[PDB]
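Here you get one chain, nothing else, as structure tokens; it is the form deposited in one PDB entry.
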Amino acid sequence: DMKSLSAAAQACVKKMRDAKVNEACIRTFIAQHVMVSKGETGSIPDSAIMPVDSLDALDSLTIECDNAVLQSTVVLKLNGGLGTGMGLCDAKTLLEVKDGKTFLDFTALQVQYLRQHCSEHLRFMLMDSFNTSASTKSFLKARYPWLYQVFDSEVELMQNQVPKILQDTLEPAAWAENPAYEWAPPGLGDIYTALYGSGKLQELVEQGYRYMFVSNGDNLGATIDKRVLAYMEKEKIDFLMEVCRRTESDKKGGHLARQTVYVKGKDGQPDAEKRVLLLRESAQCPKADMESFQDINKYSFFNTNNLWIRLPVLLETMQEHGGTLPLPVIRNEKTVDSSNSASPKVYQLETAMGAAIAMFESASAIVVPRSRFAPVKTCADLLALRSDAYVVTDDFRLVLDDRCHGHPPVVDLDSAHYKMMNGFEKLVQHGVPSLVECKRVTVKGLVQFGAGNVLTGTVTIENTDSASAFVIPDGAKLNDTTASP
């Protein structure tokens, strides 16, 4: 808290103040710092948690909220990330997904739709990083002028940065070579801090906003559902997390868990127990416990990052904690320069947005279909979306064509040539093949689609000479075949 801080901590405070990091962020970080200095490692072992047996599901819900609720609703999209995994040096949300629209186009259109059809007061917010801000703003200025006019004052929330601290001392790392490396984002849990520190949460609450839907900017599936709001009104939920069933491909990703608090009586005469939901990511899991962490039957619920928050409760909670949300610290072990392994060893302190599930008395989780968690991880994914296996709804949502029957075309793309965006674009330079009526397409080696290519059933296009490009001709219809030169 007040100093009454250690020298290491004060040095952190000093560096942040000089930099001039937001005070809420300083308060939040320092509280983490103190924990770490008292021995907190952030580890969550299997002994400390129980699995969650069952949860309500979205599919049970039919009732839609009315317009008046939406009027009190804020959409916040996390827009910090770069497109780096796909070779894209820009905000990930600015990647073109379908029909020449970005993720951000779809979100902005969805919002406009809600504003047009339900509620002009529904608010839209972006959480940007320093890396993404200018580009996002320029994109709006061109394409969404209404957002642009309010960008600095209403839309944009800035992510904080926090100092890396040396492992032995907890004092700020120094890297004369590159001073930026001294800093890191804090990461996703920082949203609460940013919202509080900026004064935005207070502003939102005072204007009468009641709900926030928070989601990844890169999740196409994350769209406002009116059922969820009605459910929140009805059940009086303060924090709601959407989860999907954890599949094998998610076994290395964050799961739901529970703990219990037994409150002995305590002059009521009744011994009470409360369930507490929490999130556990792999960085919190001891090696000994990892195989269990990876048991998808046992921990079957995966956090989507679609979160619904009752804003006044969040504010009141932050206020009751010295203007913070005291999320559990994740204390990563790193080197100040990650790539250089002789750099000083550091702790990078982060929190998870999802981890807020533990902070509220009225928190729950709801099982949602996988369609609500639809990121683009690979150019193979992008291929499927750009294809006619997907259609755009009246309200600007992306959904599978009916003919798919809930099954996407499976796309296998050679990572020698298509891992990155420049490579991918080249493959589709003369058009995107029709994949709707296609179960699987595999592309091996260097290929270019023709215009008007239609793939049916299972198709492989293989070119085995890497000094060549195999070009499919216009009109090609390939059904249940392998094509090759």
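In this text, residue numbers run from 1 along the sequence as written.
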So, looking at the entry's B-factor column for Cα atoms, which has the higher mean, 98-106 or 163-171? 163-171
Entry-level comparison of average CA B-factors, 173-181 and 122-130, reporting the higher stretch: 173-181
Please pick out which of 203, 235, 402, 242 has the largest Cα B-factor as recorded in the entry. 402
Going by the deposited entry, which of 221, 217, 187, 409 has the highest CA temperature factor? 409
Please place residue 270 in the lowest, middle or highest third of its chain by C-alpha B factor as given in the entry. highest
Sorting the chain's modelled residues by C-alpha B-factor and splitting them into thirds places residue 458 in the highest
Lowest, middle or highest third of the chain for the C-alpha temperature factor of residue 63? middle
Could you look up the Cα B-factor of residue 316 in the entry and say which third of the chain it sits in: lowest, middle or highest? middle
State the tercile, meaning the lowest, middle or highest third, of residue 56 with respect to the CA B-factors recorded for its chain. lowest
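Beyond what is shown, the protein has a form deposited with a small molecule bound; the following relates to that form.
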Given that the partner is absent here, does residue 245 sit within 4.5 Å of the small molecule in the deposited complex, heavy atoms only? yes
Even though the small molecule is not shown here, does residue 369 get within 4.5 Å of it in the deposited complex, heavy atoms only? yes
In the deposited complex, does residue 236 have a heavy atom within 4.5 Å of the small molecule? no
Find out whether any non-hydrogen atom of residue 407 is located within 4.5 angstroms of the small molecule in the deposited complex, and reply yes or no. yes
Specify the contacting stretch among 145-153, 361-369, 260-268, 166-174, defined as having any heavy atom within 4.5 Å of the small molecule in the deposited complex. 361-369
